[PDB]
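Note on naming: letters A, B, ... go to the chains in the order of the sequence lines (proteins, then strands), and numbering restarts at 1 for each one. Hydrogens, waters and symmetry mates are skipped; everything else that's a heavy atom, side chains included, is used. Just follow the structure's listing: the first ligand is 1, and inside any ligand the first atom is 1.
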There are 2 protein chains.
Amino acid sequence: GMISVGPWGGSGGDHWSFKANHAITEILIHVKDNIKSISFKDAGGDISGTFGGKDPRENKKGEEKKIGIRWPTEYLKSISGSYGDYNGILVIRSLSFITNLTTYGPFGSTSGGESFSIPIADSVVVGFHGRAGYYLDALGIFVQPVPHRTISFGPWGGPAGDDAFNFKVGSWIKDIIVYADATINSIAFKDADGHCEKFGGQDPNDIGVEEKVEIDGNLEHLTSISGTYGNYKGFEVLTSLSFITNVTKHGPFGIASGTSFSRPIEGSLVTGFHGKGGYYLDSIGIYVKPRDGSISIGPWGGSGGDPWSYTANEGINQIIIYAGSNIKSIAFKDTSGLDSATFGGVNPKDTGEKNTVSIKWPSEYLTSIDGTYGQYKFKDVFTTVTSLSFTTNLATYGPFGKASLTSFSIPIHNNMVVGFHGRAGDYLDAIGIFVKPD
Amino acid sequence: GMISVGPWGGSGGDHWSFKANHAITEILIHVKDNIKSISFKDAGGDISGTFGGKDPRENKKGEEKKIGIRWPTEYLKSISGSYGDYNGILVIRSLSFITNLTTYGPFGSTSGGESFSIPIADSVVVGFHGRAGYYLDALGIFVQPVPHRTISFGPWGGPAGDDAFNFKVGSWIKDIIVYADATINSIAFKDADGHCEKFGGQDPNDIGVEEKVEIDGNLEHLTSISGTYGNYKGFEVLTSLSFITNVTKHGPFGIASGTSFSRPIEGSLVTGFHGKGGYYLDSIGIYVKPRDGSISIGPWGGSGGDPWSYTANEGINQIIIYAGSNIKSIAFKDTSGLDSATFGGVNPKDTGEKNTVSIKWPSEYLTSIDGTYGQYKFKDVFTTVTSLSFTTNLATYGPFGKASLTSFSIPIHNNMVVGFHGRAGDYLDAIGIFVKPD
Ligand SMILES: CO[C@H]1O[C@H](CO)[C@@H](O)[C@H](O)[C@@H]1O
Ligand SMILES: CO[C@H]1O[C@H](CO)[C@@H](O)[C@H](O)[C@@H]1O
Ligand SMILES: CO[C@H]1O[C@H](CO)[C@@H](O)[C@H](O)[C@@H]1O
Ligand SMILES: CO[C@H]1O[C@H](CO)[C@@H](O)[C@H](O)[C@@H]1O
Ligand SMILES: CO[C@H]1O[C@H](CO)[C@@H](O)[C@H](O)[C@@H]1O
Ligand SMILES: CO[C@H]1O[C@H](CO)[C@@H](O)[C@H](O)[C@@H]1O
């Protein structure tokens, strides 16, 4: 799917939204003291309508400018501009067009209003939305990641923090653990699977107070964040935060001081975080995916273990499986480097042997899994997956482990596997798949 | 999905295409001796761009007309108009807007060009496409069926034929059997499943010559038809036909005489036919679905029987199952009356007892099936489905038949069943499902 950003400007005129089928290669504007109208052309040569330009007065036509994007080598990544009063109406006064190579603009008046910019990385502008009548009341963008990347916002805060962090998750962000009083002392995260995370919080003299947010991820999801950054005991840091969902706002935690950051985004899901800490939380950014469903099959195996799941962002490239007389652990690698956790293998005295499956994406993609489950006894008796195999549109890989009496398979066709789920602890208790058509 | 119709007009200007998110409620045009520009508004209040209107000369602005569609009671169903030369260019000269209540127009010059109209029923205009620069070079429409209906084109030919026919299929049109020499004598059709069909061909003195078209329906599909109608031995009938695919044109069969009909359509699949015959083929029309994939699961059962499949057009409402100590036959009813054939039950001495499942669509929809298969002996020993049950998001229905040793089920979630497939002869040899997410 795509993430919406903005729109910036007024609430007059009529709403419009133009998603280009191919890359945006041309923007035409008419502009004088403000932007009278805008239209787009795409790589295959389709034009959008002309949005705005409806003032009947000849003076008020403005001048035509054409911005050409030199596809396929140049691609639009972002915009900047300004909005303000024009003869009484809150309107887009100027625009810039931000490419991977350069900036076209600014076009229109940069005086008499308020500017905007976007703290975004790794995006491609795939469309626009906004408002118009006589003029361009409002404008915002639609974005997708550049190939094999994930759109980034931020980071906000200071340039300090000796312990940097990045990660992304294949499922959702489920628990957030924050310490704070005067500022944000530290931040940690618990992936739906129970895999945890941590940051900041290294001042023995300023520890703050713990708060816990559980995101109830079937109905609720983390869509964005807001907060504040400012000078704290000399350091430029993040001083408050709030975790924003479709259901509610969790927080704010901390103390709002310095400068507020918000992000006008819609259609987003926060899959990850990046930034730096130390004594406190110097900086933080987010990774977002489009709130783009899978069918779910299984899981097969025992009742033990913590639930886990993994959905590839792009397409699953690799599977790492540890086996002995049962399956010990399993992990996934996708084409865009979004590794999954290792599910299982928590006991260092029983981790078995490594096996690997390679899948030649895109011409090869996973079709299903097969296997057995049964009882395995180590220090205690468990019912877990004991053997596993995988099928692609081209081949079968595996088997791995030791077959037991109870077997499972799926006579499925015209699909692709887009992720896995199950339960795991010391071992892979249970496993199933997520599939989509085609 | 949606079916494209047209565009009509010239090949100058730039291409554009606007699919409205909600119903089209307004069309604005600028027009003088031709249509200078066009734009649309939708029920939620989004506007499209203004397509055309780029002539810099003030004379050449044209006059604004607004056509309001009185949603939700009035909906646009079609258009008509004309194209012809305007100062040197092949261009839309006039337009009409065809609603379920009335016609708005005509707007522009009806002289000096060529008109078009659309032999269409049961459609809703959901968008437009076309071409523009200074003016409206070209215009075509996007259509979807009105709810619970199927878009119809035609019929073409005469008003005579005492034996009318209609049908639609849930899978594809696989074999076409035509008799013809001077005209089309008769036409018959063989559904992918092997279910046959027939028409015309009742003149003992004029039988024509048989021709057979098999549509190789995995890669090839029937997208449209063309042909000719004219006076034949006094009767106005269809005198030639061709069956048009994405791979090739099959035919023309017969003799081209009278008037040629074609249909400018894209994105279509012919799911059905309607019209009338007698001695010969008086008339014929088509039903088309948007060339909108399902995942396929199973089938479970024996190797015997002819393959069959069924995909609901809307959502499956009812299941009729005949059972004894095995399953005899199964058939489906969907919400839009697209019944499926009966699969199985060909032997009148072994048809067992009727059972029925009702599903309360949309809040109830099928989730999966369960059952057994085994050996059944009547006049000969068969391996067929012997028992069946169905699950919805709400309940389980069945079981029906007599359970045997070998059982089958699918631990599947977050899906819906959108059709069935398998094999059948005298009985239901084998059965599986087609599923989609959500
Ligand atoms: C001329 O007035 C119209 O156009 C402007 C934008 O051009 C809107 O702000 C306003 O609400 C009207 O729709
Ligand atoms: C106390 O110093 C540490 O912590 C602060 C933030 O608390 C960072 O700016 C600094 O680089 C060190 O990592
Ligand atoms: C060692 O115990 C853990 O691991 C097994 C599977 O290995 C699970 O059944 C159990 O619930 C715990 O999570
Ligand atoms: C003025 O010329 C332009 O516009 C017309 C339609 O307005 C096109 O036919 C032509 O090819 C150019 O694109
Ligand atoms: C011979 O008459 C029959 O056949 C012709 C077409 O062949 C029909 O027009 C007519 O109504 C009868 O059904
Ligand atoms: C009576 O024979 C037919 O029916 C059975 C199932 O009923 C099939 O196995 C067989 O191939 C024929 O189609």
Legend entry - Which residues share a side-chain hydrogen bond (donor to acceptor under 3.5 Å, both in side chains) with A/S4, sequence neighbours left out: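 Here the qualifying residues are A/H129.
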Legend entry - Carboxylate-amine/guanidinium proximity below 4.0 Å for A/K276 and A/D163: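 The answer is no: the pair does not qualify as a salt bridge.
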Legend entry - B/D306-ligand 6 polar pair, N/O distance under 3.5 Å: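 The answer is no, given that B/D306 and ligand 6 share no N or O pair closer than 3.5 Å.
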Legend entry - Nitrogen or oxygen atoms of B/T384 and ligand 6 under 3.5 Å apart: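 Looking only at distances, the answer is no, because the N/O contact criterion of under 3.5 Å is not met.
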Legend entry - With B/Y310, the ring-ring contact (aromatic ring centres under 6.0 Å, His included) member among B/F434, B/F332, B/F420: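 When ring-ring contact (aromatic ring centres under 6.0 Å, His included) is applied between B/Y310 and each of B/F434, B/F332, B/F420, only B/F332 qualifies.
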Legend entry - Numbering as shown, the atoms of ligand 6 that approach B/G305 to under 4.0 Å (heavy-atom distance):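 Every atom of ligand 6 under 4.0 Å from some heavy atom of B/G305: 8 (C), 9 (O), 10 (C), 11 (O), 13 (O).
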Legend entry - Interfacing atoms of ligand 6 (cut-off 4.0 Å, heavy-atom, B/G304):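 Counting from 1, the qualifying ligand atoms are 8 (C), 9 (O), 11 (O).
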Legend entry - Contact atoms of ligand 1, heavy-atom distance to A/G12 under 4.0 Å: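 By the 4.0 Å cutoff, the relevant atoms are 8 (C), 9 (O), 11 (O).
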[X] to [Y] - nearest heavy-atom pair and separation:
X: B/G298; Y: A/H413; result: O-CD2, 3.8 Å
X: A/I92; Y: A/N34; result: O-CB, 3.7 Å
X: A/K36; Y: A/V31; result: CG-CA, 4.3 Å

Legend entry - Per-residue contact class, B/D426 against ligand 6 - non-hydrogen pairs under 4.0 Å: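 Looking at B/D426 and ligand 6, atoms from backbone and side chain both fall under 4.0 Å.
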Inset, instruction - Could you see which bit of B/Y427 sits under 4.0 Å from ligand 6, with heavy atoms only: side chain, backbone, both or neither? - result: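 Both parts.
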Which protein N or O atoms sit under 3.5 Å from any N or O of ligand 2? Give each pair with its distance.
| unit_1 | atom_1 | unit_2 | atom_2 | d |
| --- | --- | --- | --- | --- |
| ligand 2 | 4 (O) | A/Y279 | N | 3.0 |
| ligand 2 | 7 (O) | A/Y279 | N | 2.7 |
| ligand 2 | 7 (O) | A/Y280 | N | 2.8 |
| ligand 2 | 9 (O) | A/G161 | N | 3.2 |
| ligand 2 | 9 (O) | A/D282 | OD2 | 2.9 |
| ligand 2 | 11 (O) | A/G161 | N | 3.4 |
| ligand 2 | 13 (O) | A/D162 | N | 3.2 |
| ligand 2 | 13 (O) | A/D162 | OD1 | 2.3 |
| ligand 2 | 13 (O) | A/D162 | OD2 | 3.4 |

So for ligand 1, is [X] a polar contact partner (N or O within less than 3.5 Å, distance only)?
X: A/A132; value: no
X: A/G133; value: yes
X: A/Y134; value: yes

Inset, instruction - Evaluate the criterion ring-ring contact (aromatic ring centres under 6.0 Å, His included) for residue pair B/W300 and B/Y373; output intermediate values, then yes/no. - result: CA-CA 8 Å; B/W300 294 275; B/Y373 51 87; 8.5 Å; no
Inset, instruction - With sequence neighbours excluded, tell me which residues meet salt bridge (charged side-chain N to carboxylate O under 4.0 Å, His left out) with B/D339. - result: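 B/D339: salt bridge (charged side-chain N to carboxylate O under 4.0 Å, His left out) contacts with B/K333.
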Legend entry - Cation-pi, A/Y287 ring and A/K168 (6.0 angstrom, 45 degrees):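 The answer is yes, since A/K168 meets both limits relative to A/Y287.
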Inset, instruction - Take atom CD of B/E214 as the centre, draw a 6.0 Å sphere, and report whether it contains more than 12 heavy atoms from other residues, nucleotides or ligands. - result: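 Yes, because the 6.0 Å sphere around CD of B/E214 holds more than 12 heavy atoms from other groups.
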Inset, instruction - Please name all residues satisfying ring-ring contact (aromatic ring centres under 6.0 Å, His included) with A/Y135, sequence neighbours left out, ordered by chain then number. - result: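 So A/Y135 forms a ring-ring contact (aromatic ring centres under 6.0 Å, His included) with A/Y86.
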